[PDB]
């Protein structure tokens, strides 16, 4: 339902620039705009809202060129951190606000509102004012207000920041359940790759104002298109190695390098913490020495320092929470990896 055609919006300061972007978001899809602060992800969200206008290129929604139409003129609803519930209005009135302008007759406006309130578990709070509710409940009300008018597109601008970690997690699960229910098209901004993998159908990875990759969680995690995607999605150990005899040396192992990479050129080897296995050994021949471990529930995190001074992060099964002690010497076993040209 959304499309950017060679959209460009450059800021002389760098951050926030969008550098000639094009993509197509499917109807009913939930897309996460994932990137570093100032990578262009927020500008893109704002370009879809109409809060910003492209210097070149166009924005389409529902096959409808809306590049020059204001926010009010687009079929999109906003759930922004920039927002604020009407503090002196009850939950009921905050939510009816949108229907209030579509000239919907009283009876139908009412049924629409009651509909949204029960769906979102806010019936017991209809006659309450925003200050009487928890932040969590206030976000449910904001999503109800945005949805009332039946928007075509739903835009989220990190509305859950300044929230406690646990409530933030319950919220994203709620927003997802609501999305699947309302069948709308949703786009959200985030600098947290875990959040993107968790709720998005597809992820748009942004970097320096360009789209690095646009794919499913599995796609961006298992088949990263660039070193940036490889290093920004999931966790990773990233190091430089020089190619010699068609291979690089990683932990006493020769990793073959694609023949298209020239002898003597440098590459980044990317190895995920879970993809490295540790086995006891003597300092004599050991690859690394354990700095320390941390039990994280589903797995134990183990940091080790190689002979060359590289500190690697390795994830071992919970069933090994007590296997590696500080100072201990160990052998490494890289099992999966990525290799990208520097």
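Positions refer to the first chain, counted from 1.
*Asks:* Of 156-164 and 132-140, which one has the bigger average CA B-factor?
*Replies:* 156-164 has the higher mean C-alpha B-factor.
*Asks:* With reference to the PDB entry, specify whether the mean Cα temperature factor is higher for 78-86 or for 121-129.
*Replies:* Higher mean C-alpha B-factor in the PDB entry: 78-86.
*Asks:* Among 278, 31, 311, 44, where is the Cα B factor highest in this entry?
*Replies:* Each of 278, 31, 311, 44 was compared by C-alpha B-factor; the highest is 278.
*Asks:* Using only the C-alpha B-factors in the record, can you name which of 263, 194, 181, 201 has the highest?
*Replies:* Of the candidates given, the C-alpha B-factor peaks at 181.
*Asks:* Considering every modelled residue of the chain and its Cα B-factor in the PDB entry, is residue 189 in the lowest, middle or highest third?
*Replies:* Lowest third, going by the recorded CA B-factors of the chain.
*Asks:* Quick one: classify residue 101 as lowest, middle or highest third of the chain based on its Cα B-factor.
*Replies:* Residue 101: CA B-factor falls in the highest third of its chain.
*Asks:* Place residue 72 in the lowest, middle or highest third of its chain's C-alpha B-factors, as listed in the PDB entry.
*Replies:* Residue 72: CA B-factor falls in the highest third of its chain.
*Asks:* Sorting the chain's CA B-factors, does residue 38 end up in the lowest, middle or highest third?
*Replies:* It belongs to the lowest third of the chain when residues are ordered by C-alpha B-factor.
*Asks:* Among all modelled residues of this chain, ranked by Cα B factor, put residue 116 in the bottom, middle or top third, i.e. lowest, middle or highest.
*Replies:* Ranked within chain, residue 116 CA B lands in the middle tercile.
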